[PDB]
Structure formats: structure tokens, C-alpha cells
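Worksheet for the structure shown next.
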Amino acid sequence: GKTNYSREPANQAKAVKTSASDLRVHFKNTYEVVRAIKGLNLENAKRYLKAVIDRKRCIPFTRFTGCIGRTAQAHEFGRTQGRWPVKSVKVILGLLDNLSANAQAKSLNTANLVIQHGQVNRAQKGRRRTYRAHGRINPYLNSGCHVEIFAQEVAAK
RNA sequence: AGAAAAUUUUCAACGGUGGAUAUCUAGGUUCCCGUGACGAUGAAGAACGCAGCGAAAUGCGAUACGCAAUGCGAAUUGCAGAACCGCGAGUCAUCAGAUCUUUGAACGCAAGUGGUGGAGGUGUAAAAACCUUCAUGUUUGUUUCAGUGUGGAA
Ligand SMILES: [Mg+2]
Ligand SMILES: [Mg+2]
Ligand SMILES: [Mg+2]
Ligand SMILES: [Mg+2]
Ligand SMILES: [Mg+2]
Ligand SMILES: [Mg+2]
């Protein structure tokens, strides 16, 4: 399980990398949480994810639209539909936390970390069964995650 | 030029899915040559067992991954403990002597049963319990026999 991040940061003493692999969270959901985190401040990402968890804010749905509920919360976005994929958020959040603690040994400051490169990949699907009428059986699976995120320090003048 | 994103889409790089391709092989396949060599002295097959730590596969049978003999002459090894430098190591080979549970042509009778007869041994005051033994056909004989079968002396 050695992570190869597809994209690399320009300054690696100035960067922080996290990845988790072969997760059990829903792909599409995770995908969109992440897609929503890109390009923010680590502190912001954390606040806003916590806020999604507390339901006071929505995680926009971008790529996977299939019949997703419209909320007023989607105003923040320009969107109609979004949700609160709690499990995904919690996992991602844990990843951000690994980012911050991952900055510790580097002696880097949190305030100026910015998130560039979230990557969510469809992992090997976990397999099981579903019994169907007439004695048919159909697949019942889960689509797992690979996630990686790196954070750059950018100084604000 | 609703000249930003999202979606739809072309191309590349990297990553993910996936296991194609290439290169291998204690395998297969076919050809030629050599031996035919199982069994009531209980075969082929079946059951259950047997390692200090073992399920399988392979070996083995209460002497149970093995005894003996012989040849190699120092290992086994995943762990632990011993044994051995030749009084000889070994998961080595060879193999001509042994061990060979319950079965199965399967055999006292019977059987989805470790059930149950007779004879002998044992055990006991007498028992129980344990042990050995008994299938059918056939060729000779041995012994004991039957037949208003054929003969037949005193
Ligand atoms: Mg990985
Ligand atoms: Mg059903
Ligand atoms: Mg590829
Ligand atoms: Mg020896
Ligand atoms: Mg007879
Ligand atoms: Mg007569």
C-alpha cells in the first residue's frame, strides 16, 4: 500500500500530503465532498465540513445528480441540489486532521495551508448477494474509495 | 462572444480499475523401446486412526509421516527438545525381514446395529468381562454311516 500521488506539489517542504486507500465509504458521495473542499484554507475546510455534519450547511452535488434533493442550503453554491453525506464528510475530515498533524513534524503553520489536489478513485468493489423473485440472485456491492489530498502553503501579503 | 463554473465532449500525462502482451515450466501431448508383476499367505476399494506443536495432500497402522536390513556417511529445520561423529546424523536412498485397527471377493449368524449363537481357553463360589475358533463349492483321501442296490460262507 504505497501511495503514488498522480500530481505533485512544487515545494515539498512547503507541502503536506494525506491519502487513505480502500475505504468503505460511498464513492460518488466522497467524490463530491472532496470536490467541494478543493482550494480552501485547511481551517475553512474543517469549519465547513463540521458545519455540514451539523446540517447547517450543504455539500453541493456536482457530477452525480441522479435525483438529488433540492435544499435552500444550495444557495451558497448557485445550485439547486445538495445533501449531507455525513459518513463521507467524517472520513474526509479525519483526512484533513491527518493533514494538520502531518504538518506538525514539518514545523509548518496551519493558517497558510491551501488545498490543491483532492483525488478520489473508484476502488475495488466489495461483493455480496441479493435474493430476487423467481429464485434469481443479483449482485449487492459497495463502491469503495481511494482518496488523496495535498496542501500548499500560500502566503497572503 | 451570459466569452466564469457545472454538465456533454476530443487529445495527452499521471493515478485507479483490470490482468492482455513478452519471457519462463519438476506440466501436458505424441512416438519408439522394456517388463507384464494383483488376490483366501485376504487384492483392488472403503471406514477410523497415527506427528511435541498437523487440517489437507502423501506416508503409515496401537511397533501407526514409521520399526529391521543394506547403501550413502552428517543432518533435520517453521518453532521447541533430544539424539547422534561414527555405539553414526538424516523428512536421505535402497528394500529381500517385520508391524500390519474396522472392512471389503469377505468367512460362525446378522447389521444403518461394534448386536448374537456353538466349540475350546480363560476367569470365578458361581457369574460377568476378556480371548481363539466355525462360510460355500471342489479333487484326493481319513473316520464314522445308510441303501426291500448286487452278491453272499459259518
Ligand atoms: Mg493505493
Ligand atoms: Mg428480495
Ligand atoms: Mg493506465
Ligand atoms: Mg540407522
Ligand atoms: Mg467345506
Ligand atoms: Mg444291505
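Starting from 1 in every chain, residues are counted up; chains themselves are A, B, ... following the order of the C-alpha cells, and ligands are numbered from 1 as listed.
Each residue with an atom within 8 Å of any atom of ligand 2 appears in the list, which was built counting only C-alpha atoms (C1' of nucleotides) and all ligand atoms: residues 130, 131, 132 and 133 of chain A.
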Near-residue 30 (chain A) list (10 Å; only C-alpha atoms (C1' of nucleotides); drop same-chain fewer than 2 positions) as a list in words: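 Once the nearby chain positions are removed, what remains is residues 25, 26, 27, 28, 32, 33, 34, 35, 36, 85, 86, 87, 88, 89, 90, 91, 92, 120, 121, 144, 145, 146 and 147 of chain A.
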Keeping only N, CA and C atoms, write the selected residues as an mmCIF file, in the first residue's frame.
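Now in again20.cif:
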```cif
data_model
loop_
_atom_site.group_PDB
_atom_site.id
_atom_site.type_symbol
_atom_site.label_atom_id
_atom_site.label_comp_id
_atom_site.auth_asym_id
_atom_site.auth_seq_id
_atom_site.Cartn_x
_atom_site.Cartn_y
_atom_site.Cartn_z
ATOM 1 N N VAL A 25 -16.384 3.991 2.280
ATOM 2 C CA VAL A 25 -17.404 4.996 2.012
ATOM 3 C C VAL A 25 -17.842 5.018 0.559
ATOM 4 N N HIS A 26 -19.038 5.553 0.338
ATOM 5 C CA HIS A 26 -19.604 5.638 -0.995
ATOM 6 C C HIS A 26 -18.756 6.517 -1.867
ATOM 7 N N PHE A 27 -18.456 6.026 -3.062
ATOM 8 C CA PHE A 27 -17.634 6.790 -3.982
ATOM 9 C C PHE A 27 -18.237 8.144 -4.314
ATOM 10 N N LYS A 28 -19.318 8.167 -5.071
ATOM 11 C CA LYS A 28 -19.862 9.431 -5.541
ATOM 12 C C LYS A 28 -19.975 10.482 -4.432
ATOM 13 N N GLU A 32 -17.911 14.039 -4.137
ATOM 14 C CA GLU A 32 -18.405 15.411 -4.110
ATOM 15 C C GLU A 32 -18.066 16.218 -2.857
ATOM 16 N N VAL A 33 -17.980 15.554 -1.717
ATOM 17 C CA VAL A 33 -17.402 16.227 -0.560
ATOM 18 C C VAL A 33 -16.045 16.806 -0.936
ATOM 19 N N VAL A 34 -15.152 15.943 -1.409
ATOM 20 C CA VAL A 34 -13.820 16.382 -1.805
ATOM 21 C C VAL A 34 -13.872 17.491 -2.833
ATOM 22 N N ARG A 35 -14.560 17.252 -3.935
ATOM 23 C CA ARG A 35 -14.684 18.263 -4.959
ATOM 24 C C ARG A 35 -15.072 19.584 -4.317
ATOM 25 N N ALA A 36 -15.838 19.545 -3.234
ATOM 26 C CA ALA A 36 -16.245 20.792 -2.595
ATOM 27 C C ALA A 36 -15.153 21.379 -1.715
ATOM 28 N N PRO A 85 -23.857 14.128 3.193
ATOM 29 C CA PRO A 85 -23.320 12.779 3.255
ATOM 30 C C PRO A 85 -22.390 12.640 4.426
ATOM 31 N N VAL A 86 -22.981 12.514 5.601
ATOM 32 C CA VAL A 86 -22.233 12.502 6.839
ATOM 33 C C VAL A 86 -21.033 11.562 6.831
ATOM 34 N N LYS A 87 -21.229 10.292 6.500
ATOM 35 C CA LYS A 87 -20.128 9.333 6.573
ATOM 36 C C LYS A 87 -18.916 9.851 5.790
ATOM 37 N N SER A 88 -19.146 10.188 4.530
ATOM 38 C CA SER A 88 -18.095 10.726 3.695
ATOM 39 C C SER A 88 -17.383 11.904 4.387
ATOM 40 N N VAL A 89 -18.155 12.912 4.779
ATOM 41 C CA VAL A 89 -17.604 14.066 5.459
ATOM 42 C C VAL A 89 -16.715 13.634 6.613
ATOM 43 N N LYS A 90 -17.219 12.809 7.520
ATOM 44 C CA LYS A 90 -16.404 12.381 8.652
ATOM 45 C C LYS A 90 -15.073 11.794 8.202
ATOM 46 N N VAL A 91 -15.102 10.945 7.181
ATOM 47 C CA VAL A 91 -13.863 10.334 6.713
ATOM 48 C C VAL A 91 -12.883 11.349 6.163
ATOM 49 N N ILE A 92 -13.369 12.175 5.243
ATOM 50 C CA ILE A 92 -12.580 13.278 4.728
ATOM 51 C C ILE A 92 -11.995 14.110 5.868
ATOM 52 N N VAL A 120 -10.155 11.441 -5.852
ATOM 53 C CA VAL A 120 -10.934 10.308 -5.395
ATOM 54 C C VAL A 120 -11.088 9.285 -6.528
ATOM 55 N N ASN A 121 -10.682 8.051 -6.235
ATOM 56 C CA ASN A 121 -10.682 6.979 -7.215
ATOM 57 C C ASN A 121 -11.615 5.892 -6.786
ATOM 58 N N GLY A 144 -16.020 1.397 -3.213
ATOM 59 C CA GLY A 144 -15.110 1.939 -2.225
ATOM 60 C C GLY A 144 -14.269 3.094 -2.727
ATOM 61 N N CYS A 145 -13.548 3.729 -1.814
ATOM 62 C CA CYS A 145 -12.803 4.915 -2.160
ATOM 63 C C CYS A 145 -11.311 4.740 -2.053
ATOM 64 N N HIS A 146 -10.616 5.479 -2.907
ATOM 65 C CA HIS A 146 -9.240 5.859 -2.673
ATOM 66 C C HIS A 146 -9.281 7.390 -2.610
ATOM 67 N N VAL A 147 -8.646 7.994 -1.613
ATOM 68 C CA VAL A 147 -8.630 9.440 -1.529
ATOM 69 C C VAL A 147 -7.200 9.909 -1.324
#
```
Considering only C-alpha atoms (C1' of nucleotides), extract the chain B residues located within 10 Å of chain A and return them as a PyMOL selection string. chain B and resi 5-7+13-18
What's around region 41-50 of chain A at 9 Å? Count only C-alpha atoms (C1' of nucleotides), leave out sequence neighbours fewer than 3 positions away in its own chain, and write the answer as a ChimeraX atom specification. /A:33,36-38,53-55,57,59,89-90,92-93,96-97,99-100,110-115,151
Please identify all protein, DNA and RNA residues within 12 Å of ligand 5, counting only C-alpha atoms (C1' of nucleotides) and all ligand atoms, and report them as a PyMOL selection string. chain B and resi 107+134-138
Quick one: pick out all strand (DSSP E) residues within chain A from a backbone DSSP run and write them as JSON, numbers by chain. {"A": [15, 16, 17, 18, 19, 20, 21, 22, 23, 59, 60, 82, 83, 113, 114, 115, 116, 117, 118, 119, 120, 121, 122, 126, 127, 128, 129, 130, 131, 132, 136, 137, 138, 139, 140, 141, 142, 145, 146, 147, 148, 149, 150, 151, 152, 153]}
Would you output that residue set with N, CA and C atoms, as a CSV table (one decimal), in the first residue's frame?
```csv
chain,number,residue,atom,x,y,z
A,15,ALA,N,4.7,21.7,1.5
A,15,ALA,CA,3.5,21.0,1.3
A,15,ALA,C,3.2,19.9,2.4
A,16,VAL,N,2.0,19.4,2.4
A,16,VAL,CA,1.6,18.4,3.3
A,16,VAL,C,0.7,17.4,2.6
A,17,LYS,N,1.0,16.1,2.6
A,17,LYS,CA,0.2,15.1,1.9
A,17,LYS,C,-0.5,14.1,2.8
A,18,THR,N,-1.8,13.9,2.4
A,18,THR,CA,-2.6,12.8,3.0
A,18,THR,C,-3.2,11.9,1.9
A,19,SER,N,-3.3,10.6,2.2
A,19,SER,CA,-4.1,9.8,1.4
A,19,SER,C,-4.6,8.7,2.3
A,20,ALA,N,-5.8,8.2,1.9
A,20,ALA,CA,-6.3,7.0,2.5
A,20,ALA,C,-6.8,6.1,1.4
A,21,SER,N,-6.7,4.8,1.6
A,21,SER,CA,-7.0,3.9,0.5
A,21,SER,C,-7.9,2.7,0.8
A,22,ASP,N,-8.7,2.3,-0.1
A,22,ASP,CA,-9.6,1.1,0.1
A,22,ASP,C,-10.5,1.4,1.2
A,23,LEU,N,-11.1,2.6,1.2
A,23,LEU,CA,-12.1,3.0,2.1
A,23,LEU,C,-13.5,2.3,1.9
A,59,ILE,N,-23.5,20.1,1.3
A,59,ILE,CA,-22.4,19.8,0.4
A,59,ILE,C,-23.0,19.6,-1.0
A,60,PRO,N,-22.7,20.6,-1.9
A,60,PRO,CA,-23.3,20.6,-3.2
A,60,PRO,C,-23.2,19.4,-4.0
A,82,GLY,N,-28.2,19.4,-3.2
A,82,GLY,CA,-27.1,19.0,-2.4
A,82,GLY,C,-27.6,18.1,-1.3
A,83,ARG,N,-26.7,17.7,-0.4
A,83,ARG,CA,-27.0,16.7,0.6
A,83,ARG,C,-26.1,16.9,1.8
A,113,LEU,N,-1.8,26.9,4.9
A,113,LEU,CA,-2.2,25.7,4.0
A,113,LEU,C,-3.4,25.9,3.2
A,114,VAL,N,-3.2,25.7,1.9
A,114,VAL,CA,-4.4,25.7,0.9
A,114,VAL,C,-4.5,24.3,0.3
A,115,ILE,N,-5.7,23.9,0.0
A,115,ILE,CA,-5.9,22.6,-0.5
A,115,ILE,C,-5.8,22.6,-2.0
A,116,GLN,N,-4.8,21.9,-2.6
A,116,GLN,CA,-4.8,21.7,-4.0
A,116,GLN,C,-4.6,20.2,-4.2
A,117,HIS,N,-5.2,19.6,-5.2
A,117,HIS,CA,-5.2,18.2,-5.4
A,117,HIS,C,-5.9,17.3,-4.4
A,118,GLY,N,-7.2,17.3,-4.4
A,118,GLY,CA,-8.0,16.1,-4.0
A,118,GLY,C,-8.1,15.1,-5.1
A,119,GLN,N,-8.0,13.8,-4.9
A,119,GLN,CA,-8.2,12.8,-5.9
A,119,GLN,C,-9.0,11.7,-5.3
A,120,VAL,N,-10.2,11.4,-5.9
A,120,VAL,CA,-10.9,10.3,-5.4
A,120,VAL,C,-11.1,9.3,-6.5
A,121,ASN,N,-10.7,8.1,-6.2
A,121,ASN,CA,-10.7,7.0,-7.2
A,121,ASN,C,-11.6,5.9,-6.8
A,122,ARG,N,-12.2,5.3,-7.8
A,122,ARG,CA,-13.1,4.2,-7.5
A,122,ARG,C,-12.3,3.0,-7.2
A,126,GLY,N,-16.6,-4.1,-3.1
A,126,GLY,CA,-16.8,-5.2,-2.2
A,126,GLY,C,-18.1,-5.9,-2.6
A,127,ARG,N,-18.0,-7.2,-2.5
A,127,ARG,CA,-19.1,-8.1,-3.1
A,127,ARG,C,-19.9,-8.8,-2.1
A,128,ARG,N,-21.2,-8.8,-2.4
A,128,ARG,CA,-22.2,-9.7,-1.8
A,128,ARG,C,-23.5,-9.9,-2.6
A,129,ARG,N,-24.5,-10.5,-2.0
A,129,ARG,CA,-25.6,-11.1,-2.8
A,129,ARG,C,-26.9,-10.4,-2.4
A,130,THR,N,-27.9,-10.5,-3.3
A,130,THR,CA,-29.3,-10.2,-3.1
A,130,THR,C,-30.2,-11.2,-3.7
A,131,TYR,N,-31.1,-11.7,-2.9
A,131,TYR,CA,-32.0,-12.7,-3.4
A,131,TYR,C,-33.2,-12.1,-4.1
A,132,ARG,N,-33.5,-12.5,-5.3
A,132,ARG,CA,-34.6,-11.9,-6.1
A,132,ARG,C,-35.7,-12.9,-6.5
A,136,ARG,N,-33.9,-15.9,-8.6
A,136,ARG,CA,-32.8,-15.2,-9.2
A,136,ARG,C,-31.9,-14.6,-8.1
A,137,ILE,N,-30.6,-14.5,-8.3
A,137,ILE,CA,-29.8,-13.7,-7.4
A,137,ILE,C,-29.1,-12.6,-8.2
A,138,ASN,N,-29.1,-11.4,-7.7
A,138,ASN,CA,-28.4,-10.3,-8.3
A,138,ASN,C,-27.3,-9.8,-7.3
A,139,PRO,N,-26.3,-9.1,-7.8
A,139,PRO,CA,-25.2,-8.5,-7.0
A,139,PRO,C,-25.7,-7.4,-6.1
A,140,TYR,N,-25.1,-7.3,-4.9
A,140,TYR,CA,-25.2,-6.3,-4.0
A,140,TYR,C,-23.8,-5.9,-3.6
A,141,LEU,N,-23.3,-4.8,-4.0
A,141,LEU,CA,-21.9,-4.5,-3.8
A,141,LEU,C,-21.8,-3.1,-3.1
A,142,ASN,N,-20.5,-2.7,-2.8
A,142,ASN,CA,-20.3,-1.3,-2.4
A,142,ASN,C,-19.1,-0.8,-3.2
A,145,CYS,N,-13.5,3.7,-1.8
A,145,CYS,CA,-12.8,4.9,-2.2
A,145,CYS,C,-11.3,4.7,-2.1
A,146,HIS,N,-10.6,5.5,-2.9
A,146,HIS,CA,-9.2,5.9,-2.7
A,146,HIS,C,-9.3,7.4,-2.6
A,147,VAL,N,-8.6,8.0,-1.6
A,147,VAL,CA,-8.6,9.4,-1.5
A,147,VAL,C,-7.2,9.9,-1.3
A,148,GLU,N,-6.8,11.0,-1.9
A,148,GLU,CA,-5.6,11.7,-1.6
A,148,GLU,C,-5.7,13.2,-1.7
A,149,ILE,N,-5.2,13.9,-0.7
A,149,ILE,CA,-5.2,15.4,-0.8
A,149,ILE,C,-3.9,16.0,-0.4
A,150,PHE,N,-3.4,16.9,-1.1
A,150,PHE,CA,-2.2,17.7,-0.6
A,150,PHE,C,-2.5,19.1,-0.4
A,151,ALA,N,-1.8,19.7,0.6
A,151,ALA,CA,-2.0,21.1,1.0
A,151,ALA,C,-0.7,21.9,0.8
A,152,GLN,N,-0.8,23.1,0.1
A,152,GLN,CA,0.3,24.0,-0.2
A,152,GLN,C,0.2,25.2,0.8
A,153,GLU,N,1.4,25.7,1.2
A,153,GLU,CA,1.3,26.9,1.9
A,153,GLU,C,1.4,28.1,0.9
```
Return as a ChimeraX atom specification every polymer residue, whether protein, DNA or RNA, with at least one atom no more than 10 Å from an atom of ligand 6; count only C-alpha atoms (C1' of nucleotides) and all ligand atoms. /B:146-150
With only C-alpha atoms (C1' of nucleotides) as the atoms that count, which of B:81, B:91, B:105, B:132 lies nearest to residue 65 (chain B)?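 For residue 65 (chain B), the nearest of the given residues is B:91.
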Kindly provide the residues of chain B that approach ligand 4 to within 9 Å, each paired with its closest atom pair and their distance in Å to one decimal, based on only C-alpha atoms (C1' of nucleotides) and all ligand atoms, listed by chain and increasing number, as JSON lines.
```
{"residue": "B:88", "atom": "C1'", "partner": "ligand 4", "partner_atom_place_in_ligand_line": "1 (Mg)", "distance": 7.4}
{"residue": "B:89", "atom": "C1'", "partner": "ligand 4", "partner_atom_place_in_ligand_line": "1 (Mg)", "distance": 8.7}
{"residue": "B:90", "atom": "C1'", "partner": "ligand 4", "partner_atom_place_in_ligand_line": "1 (Mg)", "distance": 8.8}
```
Residues as selected, N, CA and C atoms (P, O5', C5', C4', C3', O3' and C1' of nucleotides), written as a PDB file, in the first residue's frame, can you do that?
```
ATOM      1  P     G B  88      25.965 -47.042  15.997  1.00  0.00           P
ATOM      2  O5'   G B  88      26.482 -45.537  15.975  1.00  0.00           O
ATOM      3  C5'   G B  88      25.659 -44.473  16.439  1.00  0.00           C
ATOM      4  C4'   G B  88      25.507 -43.394  15.397  1.00  0.00           C
ATOM      5  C3'   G B  88      24.552 -43.700  14.251  1.00  0.00           C
ATOM      6  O3'   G B  88      23.213 -43.364  14.563  1.00  0.00           O
ATOM      7  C1'   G B  88      26.611 -42.950  13.381  1.00  0.00           C
ATOM      8  P     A B  89      22.218 -42.822  13.416  1.00  0.00           P
ATOM      9  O5'   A B  89      22.599 -41.276  13.295  1.00  0.00           O
ATOM     10  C5'   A B  89      22.017 -40.303  14.158  1.00  0.00           C
ATOM     11  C4'   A B  89      22.035 -38.919  13.541  1.00  0.00           C
ATOM     12  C3'   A B  89      20.923 -38.613  12.545  1.00  0.00           C
ATOM     13  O3'   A B  89      19.716 -38.217  13.182  1.00  0.00           O
ATOM     14  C1'   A B  89      23.017 -37.904  11.670  1.00  0.00           C
ATOM     15  P     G B  90      18.365 -39.056  12.982  1.00  0.00           P
ATOM     16  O5'   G B  90      17.701 -38.358  11.724  1.00  0.00           O
ATOM     17  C5'   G B  90      17.892 -36.984  11.465  1.00  0.00           C
ATOM     18  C4'   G B  90      18.057 -36.748   9.994  1.00  0.00           C
ATOM     19  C3'   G B  90      17.019 -37.411   9.102  1.00  0.00           C
ATOM     20  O3'   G B  90      15.839 -36.643   8.979  1.00  0.00           O
ATOM     21  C1'   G B  90      19.185 -37.830   8.256  1.00  0.00           C
TER      22        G B  90
END
```
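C1' of residue 70 (chain B) is positioned 10.3 Å from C1' of residue 93 (chain B).
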Please, which residues of chain A, numbered as in this document, come out alpha helix (DSSP H) from DSSP, as JSON, numbers by chain? {"A": [27, 28, 29, 30, 31, 32, 33, 34, 35, 36, 37, 42, 43, 44, 45, 46, 47, 48, 49, 50, 51, 52, 53, 86, 87, 88, 89, 90, 91, 92, 93, 94, 95, 96, 97, 98, 99, 100, 101, 102]}
For a quick check of understanding, using only C-alpha atoms (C1' of nucleotides), which of B:125, B:68, B:119, B:57 has the smallest distance to residue 99 (chain B)? B:68
Mind pulling up the distance from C1' of residue 1 (chain B) to CA of residue 80 (chain A)? 27.5 Å
Between CA of residue 154 (chain A) and CA of residue 56 (chain A), what is the distance in Å, rounded to a tenth?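 It comes out at 28.9 Å.
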